[PDB]
Structures are given as C-alpha cells and as structure tokens.
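**Q** One structure is given below, represented as structure tokens, and several questions about it will come after.
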Amino acid sequence: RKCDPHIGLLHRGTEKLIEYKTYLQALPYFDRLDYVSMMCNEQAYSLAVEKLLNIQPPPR
Amino acid sequence: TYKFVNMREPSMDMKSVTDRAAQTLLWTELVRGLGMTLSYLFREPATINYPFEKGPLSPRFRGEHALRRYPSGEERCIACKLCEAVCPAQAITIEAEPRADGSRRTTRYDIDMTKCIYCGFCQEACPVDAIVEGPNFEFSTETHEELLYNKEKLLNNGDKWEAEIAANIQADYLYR
Amino acid sequence: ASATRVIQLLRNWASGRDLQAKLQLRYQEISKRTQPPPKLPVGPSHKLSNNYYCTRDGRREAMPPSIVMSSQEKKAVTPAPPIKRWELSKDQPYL
Amino acid sequence: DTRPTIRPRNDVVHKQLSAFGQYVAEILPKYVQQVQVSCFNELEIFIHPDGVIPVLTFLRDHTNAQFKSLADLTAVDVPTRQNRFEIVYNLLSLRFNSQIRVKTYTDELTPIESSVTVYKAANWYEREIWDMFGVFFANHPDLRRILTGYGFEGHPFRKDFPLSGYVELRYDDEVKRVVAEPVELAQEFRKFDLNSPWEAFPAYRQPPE
Amino acid sequence: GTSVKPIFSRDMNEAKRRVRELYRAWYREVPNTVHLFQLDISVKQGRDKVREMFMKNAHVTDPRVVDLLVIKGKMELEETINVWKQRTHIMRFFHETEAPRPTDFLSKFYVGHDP
Amino acid sequence: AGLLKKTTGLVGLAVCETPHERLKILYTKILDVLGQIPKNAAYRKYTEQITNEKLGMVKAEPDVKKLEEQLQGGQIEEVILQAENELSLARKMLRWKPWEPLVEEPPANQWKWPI
Amino acid sequence: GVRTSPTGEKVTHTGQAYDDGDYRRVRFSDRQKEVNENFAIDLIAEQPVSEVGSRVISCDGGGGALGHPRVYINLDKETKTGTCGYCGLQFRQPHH
Amino acid sequence: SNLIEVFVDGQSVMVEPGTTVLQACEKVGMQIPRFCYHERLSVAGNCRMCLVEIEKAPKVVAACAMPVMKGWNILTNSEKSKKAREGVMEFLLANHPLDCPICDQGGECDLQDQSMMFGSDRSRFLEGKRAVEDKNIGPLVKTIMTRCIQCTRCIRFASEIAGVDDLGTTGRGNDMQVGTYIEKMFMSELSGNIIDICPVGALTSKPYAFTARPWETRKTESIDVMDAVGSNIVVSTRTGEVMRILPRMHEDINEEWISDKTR
Amino acid sequence: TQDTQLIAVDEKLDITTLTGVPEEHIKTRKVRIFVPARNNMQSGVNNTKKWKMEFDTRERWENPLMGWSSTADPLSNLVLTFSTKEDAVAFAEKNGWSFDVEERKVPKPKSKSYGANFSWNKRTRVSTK
Amino acid sequence: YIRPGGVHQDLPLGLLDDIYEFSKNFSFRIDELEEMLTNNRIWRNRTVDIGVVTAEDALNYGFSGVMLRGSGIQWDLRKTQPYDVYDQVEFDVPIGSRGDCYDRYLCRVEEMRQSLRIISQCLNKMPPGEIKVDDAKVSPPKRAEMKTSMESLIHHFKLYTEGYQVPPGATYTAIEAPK
Ligand code: SF4
Ligand code: SF4
Ligand code: SF4
Ligand code: SF4
Ligand code: FES
Ligand SMILES: [K+]
Ligand SMILES: [Zn+2]
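In the order they appear, the protein sequences are chains A, B, C, D, E, F, G, H, I and J.
In PDB author numbering, each residue's number is its place in the first sequence (first place is 1) plus 73.
Number 44 in PDB author numbering belongs to position 44 of the second sequence; there are no gaps in the numbering.
Residue numbers 1 to 72, 90 to 112, in PDB author numbering, belong to the letters of the third sequence in order.
In PDB author numbering, each residue's number is its place in the fourth sequence (first place is 1) plus 5.
In PDB author numbering, each residue's number is its place in the fifth sequence (first place is 1) plus 13.
Number 37 in PDB author numbering belongs to position 37 of the sixth sequence; there are no gaps in the numbering.
Number 82 in PDB author numbering belongs to position 82 of the seventh sequence; there are no gaps in the numbering.
In PDB author numbering, each residue's number is its place in the eighth sequence (first place is 1) plus 5.
In PDB author numbering, each residue's number is its place in the ninth sequence (first place is 1) plus 4.
In PDB author numbering, each residue's number is its place in the tenth sequence (first place is 1) plus 192.
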C-alpha cells in the first residue's frame, strides 16, 4: 500500500566538494554522477559552463 | 517527428484469432525464444582467455603513474607543480627544494593510488611531459600501504616501463 | 567464420536470420591499430592579423541580467509561441 | 556573429521573456519584487517568501503561462545577506517550452509552507532541503532526513560546515560495532587560494557599495 | 524589526508546552528501544541521557529556535521508534571510545598545544 | 465532430463525448467567477480578454477538428482541463487578494549578485 | 651513486636515511626500500658539453614537441657554462 | 573648493587638481593595469600598459604620468584602450623567456594574471628571443635578468627609498640591461624588499626559491619582532612550516616594506 | 508590513544550537575577520574587497607514514566570505562565537607629480628613470 | 572527454570506421532482444499493465524522459528545446499509449533504434574542424604551442592553476539524459 524508497546509502556530498574545486576539477564529479550514461553528464556540465562563458563549442 | 509504439490493433477475423489461439495453446513465441538461445549455443564464444589472452586497449590508456627521464638521464619533473594544482582528488603531494646542482628537483613526490582517479589530467599539466599514466593495470595489491606511492616507486615505475610509454606518447602527442 | 557450413544453417534456421552476413565479433573489418601520423587542423581564428582579443572576448561580452521591473492598449503575451503537433514518422508509421 | 568563438545571442525570444515577465509582474504586483532576464535567454521573477502558493499556483494553472514541470528546488547560502538561505524554484512550461525560475529569501528559522500542493515533486525535494541546507518548511506532510546519514548533526551545505565533517567512523573490536569518533584526517585538505587580484570582468563588477 | 514570524511557539509556554509531551513520548520510549535493539544499556541511564540532552540546550531564550529543536528532537524520536536507526546510531549518543578531554589546565598543558 | 476518438494520446484523459457545449458552459463559469474581481486589477483585464475571445471560436465552428488549430491548445480534451485550471485560479485569488502593492521591499541588498 | 648508512641503509638522492633510533625502521626488515639506483644527479654529470658558437642558443632538448619548452640559453659567461633550468644540459661558447 | 569634477567613463566624480588619471580610475574602483607604477614610488610611465584612451582626443593618453583636466571621460573598456593594452602587453611578453614552470613568480606574477584578463589567446612571434646574463648579487636575492621587463621599479625603489646607489640600466634599446655593470653585492638593510616590488620573477628570494607556491600557502598575518618597529608581516605556512614573510601594508609602522632581518 | 502573528523578538538571534557544532568547537575557537592584505609581489588589488571568516590554527603533526600534515581541526578550512564587516559580525553573533574585529585597510592619498621628478630648487629630482 | 569549450582530444585515426563496423551489426542484436523479450507472453503478463501512471500525474510528479513519453506525454528535449546540433539530425520520439513498465521498455528499445539513426547521420556529417574552442582562456593551448610560444605557456599555466574566470550569474542548462 505505502512505499518509502529510503536513499542515502551511497550518498556523497558531490557539490560540497564542487565548491572547493574549480570547473575543470569539477568535471570528473559529473562523470561519476550517473555511472551508466557518463558522458551525457559531461555534456550537461560543459553546456552549462560554456553557456555562462558566452562561448560556443566548435562545430567539430 | 514522432512515433507511437503500442498502437497495434488485433484483427478479429477467423484467420487472425486462429493464430492467436494457436499461439496461446501451442506455445510458439515461447519456442521462438527457445530457438533464439539454441542458435546462440552453436555460436562461438567471445571469452578472452586471461591471462594468456588479454583484452584490447588503445595507445591512450591511463593508469600506473610513472615519472620519465630525458634522453640524457635526468628526470623530467622540474617541480612545476601544475599536476598538484590540477589534481582533482589532491592525491599528489610534492615538496620542492633547490638541488645541489641548482635546478629544481622534487624531494617528495607521493601520489596516493587510492586517492587518484586516473583521469589523465596530470600528464596534461606538466609541460615537460614529466608524469604520465602508463599502460599498466596489473598492480593490484594486498596491503593498503603499497598503494601509497612515493618518488622512489614512481621513478622505479618509470625506469621499468619507459620504453613502452616512450612509443605511446610518440603516437599520441600529435592528437594532444 | 570459424564455424562450418552445417552449423551455420542450424543457427540460421533456429534464429530465422542470416548471422553470417554480419556477426558480433570482429575478425578483419577492424581498422589497423597502428595508424599514420594524424596531422590535426588549426583554429578558425589562427591568423597573424586582425585577431585581437578585443573582438572575440565572450567572457567580456556578457552583460549583467537586464533589469526591467524593480520593487525600488495592453495585450496578453505568451512565454513562447505554442508548440506544434508532430506528425507520424513517414518511415515507420505503425509498429 | 561571423566569429565562431562566442555563442550567438537570440533576441526574438529575449524580448519575449521580458514581455512575459512584465505580464506576470502586472498581474500579481503584491509579491513580485523585481524581474529580469540574462544574456542566455533565462528569465527569473523574484517572489516573497509567503508567496510559494499562489505564484506557482499561477504558473501551474494559467492558460497563457501553464508552467507545470517542476525542475529543481535548490538553495544558495549567502552569508553576507541576512536571509542567507535562498530557496530557488524552477518550472518548465510544456506547451510554451520555456523555463521559469522563482526564488525567495529565508532565514534559518523562518518557515515556508510546503508547496507540495502545486507540485508533489517538491515533496521529495523538500526533504532534501532540510537535510542538505536545513531550512524547515511549514505544514509539510513528512519532512524527513532522507539523504544524509541517520542521526546526523547540523546541515552540511551551510557554508559554516567543514567539508570533512565532524565525525568519522570505524569498526571497533572492543564493541564489535561501528563507532563514530571525531574526525582525524590522514591528510589535511590543502586549500588553494585561486583568485586573481586583477579585475576579471568589467561588466559584472560591483561598484563601490 | 524585532517582530518576526513564529513557527509554532507563539509564546514561551507553547515552547514549554511542546517540550512536555516530547519528553512524555521519549520517557516512554527509552525502555523499549533498548529492548528491541538489544542494547546492553539499562533503562535508567537511557532515561537520564534524554534528561541531560534536554538541558544541554535548554539555555536559549529565543522562541523561534526552541521549537526548532523541538521538531528536530521530535523527529530524532520518530526515526528511532520504527527500527530505522540501528545499534550504532542509538549507541552513538552514548559516547564510549574517546578518553575524557582535559579538565584542569594541567591536563590541557600535558596533552599538547590545544586549548 | 466526426467519429469520436478512442484515445486522447494521453493516459487518464479520455475523449469527451460532449466536447464544445461542456467547454462552453464551464467557460461561462469562468466569465462569472471572474465577476467578483475589481476592474482595475490586472488579472481581470488579461483574463476577460483571453476569456471572451476563446469563447468565440468555439461557437464559431462546433466541429472538433478545426477547433484544435483555432486555439493551439492541442486536442480539445486537454483544453477542458486547462480551462478548468484557469477556473481554479479565479477561485484561488478570490481569497489571495493579489492586487495591493508589494508587501515590503527586500531586506537591504537581499539579491546583490555577485556578493 | 647510491650510498649506504651505518646500518646498511642505502640513501636516496633526496638524502633520506632513517637512523637506528628511529622506530619507523621496522617496516624495513623482512622487506626492502625501493631505491632508484640511477641517481638523477650523476646521469647528467657524465653528459658532455656541446659547443655552439652563438650568444643565445635554443634549448628545445630534442624530440621536437617531445621535450621541454625552448627556453633560450644565454652564452657569454666564460666562467660558467650556461645550463638549461629545464633539462640541465650544459651548453658552452667556444673558447676565444 | 578647487576640486575638479571628471566624468570618468560616464560617472562624474570630483578630484583635486594635479591628480593623475590612475588615482581617478581607482577612486571609482577602476584598477587600471600597470607594471612600472607603485603607489609610494616615483612615476616612470614606461611600460605603456596603463595607456587608456581619453575622450575627444586623436591619441591614446599615457594615464600614468598625465594629470587630469577639467572634465574627461576615461574610456576604460573602449576598443582603442583595449587595443593599446593588447599591443603593449604582448610586446612585454614577446621577449619573455619560457620559464613560467621554472620561475618562482608562477601564481604571483603580474605578467601572468594581467595576460589572463588583459591579454590575447595566442602568439604572433616567429623570430628568436633575447637572453640576458644573470647578474649575480647577494646570497639573499636571486636575479634572472632574462625575465626582466625593464619596468625600472627596482632602480627607483633603490635610489629613492633605500637611498643607496646600487642598480642601473646599462645598455641601449633591446640590449639595455638592469644591473650594476661592475660586479657588486647590494647590501641594504631593506634589501629583501625589491623581491616583492618586482612584477616578474626577474628578482626572487634565494632561500624561499623552489620551495613553495601560492595556492599551497595559507597566508597568516602578524607583526615583526626582530626590530622594535613591530612591522606588520604576512606568514606563509604551507603544510605546517613557514616559507616566506610578506610586508603587510599598514602605512604607519612599516608601509609594505620590511628589512632583510625580518623577512 | 508582514502582519501574521509576529513575535517581537528583542533578544539577539542565537542559532548555535541548531547547527550542532561540537561544544569544544564553539567556545574554544577564536573566530576572526579582516580584509586580506594584497600580496605584495602582486600589484593587483581585486582581492582586498571582502571580509572573511577564518579561525585559529591548531596543531599539525606530521604523519608517521610518508609525512602528510595530519590535522584534527575540522573548522580550520572554513574561509567564508563577507561583503561588509557589519554582515560579517552579524553572522558571528547569530551563531554566537568568540570573535574580534579589524578595520579595513584604507589607502592614503599618493600626491603624484611627474613634473616634480625634475626640478631646479627641489630635491625630488630623480637620477635615473 | 567532453569539457567546457569543445572536446579534449581528437578522434583517433580509423575509429570512425570501427563505429560504422559496430553500428552495421548492432541492429541485429536488438532484433535478438525484441524477439526474446517483447513477443514472449511471460514478459508481457509479468510487466504489462503494471505500474501505470496517468499523464497529468506523471508530469506533475516532476517525471521526465521515458516516464513522460512512455505514459502518453508528448515531449522530448532534443525535438522541442534544440541544444547543440541535435536539431540538424533527424529521429523519431517513441511515445507510448498506456504507460506501464512494458510500454516504457518498448519506448527504450525504440529509442535504441532511433539512436542508431542519429549515429548514422552524425557519423556521415563529420566536419573539418578543431576539437576545442579557439579561446586559450577557456581551452588549453596545443602541446606544440605549449612549448613554442609564451602566451600559450601562460594560458595553459593559469588554466591549470585556477582554471578560467567564469562570468557571474546562474543557469539551469538541462538536457535529456538517456534516463
Ligand atoms: S590522474 Fe588525475 S587524480 Fe590521478 S594524479 Fe593525475 S591529476 Fe591527480
Ligand atoms: S606537473 Fe609534471 S613537471 Fe609539474 S610537478 Fe607534476 S610531474 Fe613534475
Ligand atoms: S615572471 Fe615570467 S616566467 Fe615567472 S611566472 Fe611570470 S611570466 Fe612566467
Ligand atoms: S629587475 Fe624586476 S623590478 Fe627591476 S626593472 Fe626588471 S622587472 Fe622591473
Ligand atoms: S605602469 Fe604606467 S607606464 Fe608602466
Ligand atoms: K618578483
Ligand atoms: Zn634545456
């Protein structure tokens, strides 16, 4: 009837260390965010950073 | 553009119901499943015979840090410490000191194997291609201590491999 | 490759497909592992002239968020034009 | 935009969010403090704390806004500001393919009536905020420590909380059970002072305050 | 600017009110949590553990915070009642492994540079 | 009109056997619930304009097929849902009273980005 | 040239040599210290000095891109053979 | 009063007559890039890095030595000013030897950080470079004269502040070198101060050399004890030990200069 | 302006009990502020504009192994940021912490005249540029 | 590999052909999956009509991707909000009718076929161009330029000490993950 999916059993304070590291050192955190579709996480981080930077990636 | 998936309609005619009734009674899609596995039984396996057969890799493989040396003999690391600053896990511990000759040389170069992540950032850091990730993965250990590498182990790893990693960066520095 | 003829027709029949046309193990179609030197191209702005950073400085081009309303006839408008209904894929219209 | 380095700007929708921002601003001027858009076509309208119900109820139900996809419930600590905790909502409009974002200000103690009614997605997010930042929310169905450890102390993403933490764990033979001793690091986090003392961007520079 | 929004405690008494049944439930809670969790702790020192926790923080006078520990203490109790917390979590309050930190300036001096 | 569809394309939402006159009567509902709002209020001047218009093209052609592209609201069955949502708002701010001015300016530099 | 301590403990090029009184020497029995026998100080010492007749000599260090940045070496000090900070290869100015 | 209002890049602010442009820029907060100009030291106007374009002028005005007039718009972010900034910045950087990993100024180099903000993203130099003989003076301060940008800050902080004739600018043009000509050993009590005034690693501290780098250090401030002055200083603990001493600016006690016996 | 059963809180806010820091780490921790002095080797100034919350340094014993600086001071690595000292102390008092003050290092007026560097009866003439 | 400002390294020589070798045969293995799972009555009766979720309930719960598309909801990030070059490529969005575990399972395997289509177009659309932006303040300069020019030396040095100076602000750049 009622379900409670308790979580935290793997929890790592990912963005807590993200604050102390810079963007490049922050990139491996994203690859370890989803351990199934890793480079898709890389895609989200790279798009976000270069969106702030007002710089677009080359077509290649 | 888009496309449905579960929009097939079952036909109510005498023919169509017969196949469905035959499928339910005489299990055919189950037998179809059986045929798929059986055809795979007669399919050759793809089991690499470790250790005698070893999986393929690429000249860019990252693992088992090892300081290199110049063709003269002097080690590459000038203690520029970009690897230390870059290292996203802070596994690198470098302390510099002016050597008796005058040029720098790290008196302490410990990279903690169980803090490192083998991201390959450290080779991209030092402009003298001092530290690189070699092709080794066969350094599993039984005590946590031997994983904690130091300058002496790093140099010994470099002298041990060197030649293998000498060609690796020769076939990859064009890409970099 | 490998296998013999009578085995192939056995697995061809049991799977209802021609597995010999394309398999799931690489035999000879794999590209040669050693490759010629990869001469890479250069950047689009790689030029000795008229390439000052005064032109391309995207980090600088960014403007603080343009404020419109602050605490200190008309017509209704939408955040964006309403989306349009996609048509069935003309390749596979019905699975 | 012949140069390929910088990303091109898009003005047609850029004016559209600002027009929609004023459209929202005029309707409910009791709760909208200020609204603005950035270069990367991202509009943000700022609401008052007690405004979590109607503003989202607006965006969730309006025939011309209809923002129903709740994106994320984030918080951003700013120790300088008195209301350091800044609860941030984020909504996506399915029909109008846009991303609204409303954020408020809140102290450590001051509550927010739970917005699980407008979006039940916030309910599970709401647990994290009190775990992760610690801001309690009023009349919440079940607001639980769900992502941090059992019986944790404090709020780790308060910027006053050490990265390493306060308690470390180990298995102890004399009790045959894991005991939480105070942390004692093998190596100290070698902080890096990474701030060039020259002006970074003259655009976003803070004038003499 | 002294006038601010309250959570539940409109006054001190309601803050005093919520502390009351919180201890009423928690006082009724100590004997069984030991019993089910197989803790080798007698009921008595379980009960007054809740006691000195209760006045380890019963010094602040702001009505907005006192009820925040009430709900914090309220839900630390909820997590215990339904076997969510384990042996390590219940014992964790019962500090065992660390030696007593120094009491006299002689003991502060002898340990190290720490104050 | 035409043949009544069997699926709306979304589970849960079913094809309405009474498409237009149902939408019309609930639309007259959202004309009248809006009545007890003062005219100077912005939501009125937005709504009755958007109200009194799409009450037009529904009665402009009773057929279901053309009216899907009159309002760009997709299939009519979800327009019933969304117009009902607009009805919900008119009831909601009947008690919100969201037209007197902004409650209080934000505490000093409460946005101030960067810091 | 690796050198040994009084307790048979070979020293590293950094100069570390744990004394007998050091309790941290007990991990060393039954096991060994890895010593880079190629002491980095004396595989550069035996390398000769090249003779180039210029006031400034590039110091790429061979290998083209595979080496160290081409820091230019000043060569006018008669009493000091100008060596590169990166690679340590001593360069010399013909004896006038 | 005689205060003169100047509409610097728009915003208009009063200022005393005779005040140079930089003081007006920093009055708003415009940290104008500079190399050869330090607050308590004579003006050189040499690096040409502080070139900013003034309104209604066909030429870019050397803001370093130039006083402000009655009403002026300092084009801080204009293309002409940035073009002037870019031209001279790569000019200084052109003959600069490629030893950032080797030079101790790495991470505390003005020539590095300035190029990050006010600089290009590539090079246009195809010819060779120039290498300078390292002048040897002092067992306490190290000279790598190939890295020198000839800002002459050392010679002015010597002759005015230290009040001692020690260094020169021997040579001419590209071959003019900062040094002592005849060999010496500059020996002032405050001799360990030119290390900090040097914008590049041309002059560095011998004992601290090759020992620690900026991001590792966690600066902690204190005062000097070696003298009764009590000079405010900055300690540079890296991992549990002191590397170098910096002269914390406080004006009255020590300004931002400390003698050798303290650093 | 916010009338919903507001309580007239006349006592200074003390949120120290909620954050649950250890008791030895709230009293035996001197907490200090100042605006960083510019790195004297770097003429750049865009860092001496913010106040920060930094603490007192505890002991740093060398590791028995290779020699990392093992520390047991969790609060040491807690450099915060503050726009103004008034906001800095506001954080300090809100979680009441033994604190001290420090005044913003303000520059003085550099009376600069390049025409002074050359003179006839004035001694500020410079011998070499 | 994918870093802010392009992609770190370039594609090794010949790898694009190997991708074609894999892609040409991967369609067969998915026919093997669908035959093994989709048709079998055990897979359906155990998984179909299980865990249904209405469209309004699904979306208002904050669900996304296969949660929405499988359960009737007509929405996909690439088609609607085109990020990167995903607009140029063509594909189909396999939405479902009912929206149970089975319908989601079929939605996943049809996206697999659609993924093959996107692979086919982009692999044949490979341009002549560089792998990272031509801005050394965000992208590391080439290793050949690393040891040749001073600007490249500084730019890589500073980029590898502190990184790059990102202009202030905030964003919610969101793309669809395969989940
Ligand atoms: S691979 Fe990455 S984590 Fe490992 S040592 Fe190198 S930089 Fe550090
Ligand atoms: S980055 Fe390379 S050169 Fe620099 S210290 Fe590390 S190993 Fe040595
Ligand atoms: S002084 Fe020159 S070599 Fe040293 S860090 Fe600065 S730019 Fe690099
Ligand atoms: S040595 Fe240093 S201070 Fe002197 S002129 Fe050269 S760069 Fe300037
Ligand atoms: S700093 Fe003004 S010219 Fe050198
Ligand atoms: K210097
Ligand atoms: Zn060299």
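Using N, Cα and C, we set each Cβ at its ideal position, and we do this for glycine too.
Taking only beta carbons into account, state which residues of the stretch 104-125 of chain A come closer than 8 Å to chain J, listed in chain order.
**A** Going along the stretch 104-125 of chain A in chain order, one finds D107, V109, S110, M112, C113, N114, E115, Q116, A117, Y118, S119, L120, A121, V122, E123, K124, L125 with a Cβ nearer than 8 Å to chain J.
**Q** Given this structure, state the Cα-to-Cα distance separating B:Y175 from G:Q90, to the nearest angstrom.
**A** Straight-line Cα distance between these residues: approximately 32 Å.
**Q** May I ask whether a heavy atom of ligand 7 can be found less than 8 Å away from the beta carbon of G:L89?
**A** Correct: G:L89 has its Cβ closer than 8 Å to ligand 7.
**Q** Measuring from the CB of G:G61, is there a heavy atom of ligand 7 at a distance below 8 Å?
**A** Result yes, Cβ under 8 Å from ligand 7.
**Q** For G:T7 and G:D20, what's the separation of their Cα atoms in angstroms?
**A** So the two alpha carbons sit approximately 7 Å from each other.
**Q** Please confirm whether B:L154 and B:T114 have their CB atoms less than 9 Å apart.
**A** Contact flag unset, no.
**Q** Contact criterion: CB-CB distance below 9 Å. Does A:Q98 meet it with respect to chain B?
**A** A:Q98 counts as touching chain B.
**Q** Would the C-beta of H:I107 count as close to ligand 7, meaning under 8 Å from any of its heavy atoms?
**A** No, the Cβ of H:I107 stays beyond 8 Å of every heavy atom of ligand 7.
**Q** Could you tell me whether any non-hydrogen atom of ligand 5 is closer than 8 Å to the CB of I:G119?
**A** No, Cβ of I:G119 sits at least 8 Å from all heavy atoms of ligand 5.
**Q** Buried or exposed, going by whether 16 or more other CB atoms sit within 10 Å of the CB of H:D170?
**A** Counting Cβ neighbours within 10 Å, H:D170 comes out exposed, since fewer than 16 surround it.
**Q** For H:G184, which of H:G168, H:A207, H:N198 has the nearest alpha-carbon?
**A** Among H:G168, H:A207, H:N198, the Cα nearest to that of H:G184 is on H:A207.
**Q** Starting from D:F25, trace the beta strand (DSSP E) both ways and give me its first and last residue.
**A** Looking at the DSSP string, D:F25 is not in any beta strand (DSSP E); the run it does join, the alpha helix (DSSP H), is 16-32.
**Q** Does any residue of chain I bring its CB to less than 9 Å from the CB of F:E100?
**A** With 9 Å as the cut-off, F:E100 does not count as an interface residue toward chain I.
**Q** H:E221: which of H:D201, H:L131, H:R249, H:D229 sits nearest, CA to CA?
**A** With distances taken between Cα atoms, H:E221 lies closest to H:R249.
**Q** For a quick check, are the C-beta atoms of H:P38 and D:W203 less than 9 Å apart?
**A** Cβ distance < 9 Å, so H:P38 and D:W203 count as in contact.
**Q** Checking 9 Å against the spacing of the C-beta atoms, do H:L56 and H:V48 come in under that value?
**A** No, Cβ-Cβ distance for H:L56 and H:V48 is not below 9 Å.
**Q** Tell me whether I:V39 counts as near ligand 7, meaning its Cβ is closer than 8 Å to at least one heavy atom of that ligand.
**A** False, no ligand heavy atom lies under 8 Å from that Cβ.
**Q** Any C-beta of chain D sitting closer than 9 Å to the C-beta of I:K98?
**A** Output row for I:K98: interface = yes.
**Q** With three or more C-beta pairs closer than 8 Å as the rule, is the stretch 29-46 of chain D touching the stretch 207-218 of chain J?
**A** These segments do not touch.
**Q** Can you list, in chain order, the stretches of the beta strand (DSSP E) that have 3 or more residues and sit fully within the stretch 56-92 of chain I?
**A** Qualifying beta strand (DSSP E) stretches, in chain order: 56-59.
**Q** Quick one: residues in its chain with C-beta nearer than 6 Å to the C-beta of D:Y124, no 5 flanking neighbours on either side, listed in chain order?
**A** Closer than 6 Å at the Cβ level, and outside the excluded window around D:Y124, lie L75.
**Q** Near ligand 6, which residues have their beta-carbon closer than 7 Å to a heavy atom?
**A** Cβ atoms closer than 7 Å to ligand 6 belong to H:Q110, H:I200, H:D201, H:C203, H:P204, H:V205, H:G206, H:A207, H:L208, H:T209, I:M45.
**Q** So the beta strand (DSSP E) E:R105 belongs to, where does it begin and stop?
**A** Careful: E:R105 lies outside any beta strand (DSSP E), inside the alpha helix (DSSP H) at 100-106.
**Q** Could you tell me whether the stretch 242-250 of chain J touches the stretch 6-16 of chain F, where touching means 3 or more Cβ pairs closer than 8 Å?
**A** With the cut-off at 8 Å, the stretch 242-250 of chain J and the stretch 6-16 of chain F touch.
**Q** Hey, D:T85 and I:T88: beta-carbon distance below 9 Å or not?
**A** Yes, the Cβ-Cβ distance between D:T85 and I:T88 is below 9 Å.
**Q** Do three or more CB pairs link the stretch 123-136 of chain H to the stretch 44-53 of chain C at distances below 8 Å?
**A** Yes: the two stretches touch, three or more of their Cβ pairs being nearer than 8 Å.
**Q** With a cut-off of 8 Å on the beta carbons, I'd call I:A76 and E:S16 a contact; round off their distance for me.
**A** With 8 Å as the limit, I:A76 and E:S16 do not qualify as a contact, their Cβ atoms being about 43 Å apart.
**Q** Enumerate in chain order the residues of its own chain whose CB-to-CB distance from D:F51 is below 8 Å, with the five nearest sequence positions on each side excluded.
**A** Closer than 8 Å at the Cβ level, and outside the excluded window around D:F51, lie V37, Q38, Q39, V40, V107, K108, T109.
**Q** Taking only the alpha-carbon atoms, compute the straight-line gap between J:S307 and D:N95 and give it to the nearest angstrom.
**A** Taking the straight line from one Cα to the other gives about 29 Å.
**Q** Determine, using beta carbons only, whether J:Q266 comes closer than 9 Å to chain F.
**A** Closer than 9 Å: yes.
**Q** Can you name the residues of chain A whose CB is closer than 8 Å to the CB of D:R12?
**A** What D:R12 touches in chain A: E123, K124, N127, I128, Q129.
**Q** Any chance the CB of H:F162 is under 8 Å from a heavy atom of ligand 5?
**A** The answer is no for H:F162.
**Q** Let me know the secondary structure DSSP gives F:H20 once reduced to three states.
**A** In this structure, F:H20 counts as helix in the three-state DSSP scheme.
**Q** Compute the Euclidean distance between the alpha carbons of A:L97 and J:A369, then round it to the nearest angstrom.
**A** Between A:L97 and J:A369, the C-alpha separation is close to 21 Å.
**Q** In chain D, which residues lie with their C-beta within 8 Å of the C-beta of C:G58?
**A** Neighbours of C:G58 on chain D, chain order: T10, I11, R12.
**Q** Quick check on DSSP: helix, strand or coil for F:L4?
**A** The answer is coil: DSSP assigns F:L4 none of H, G, I, E or B.
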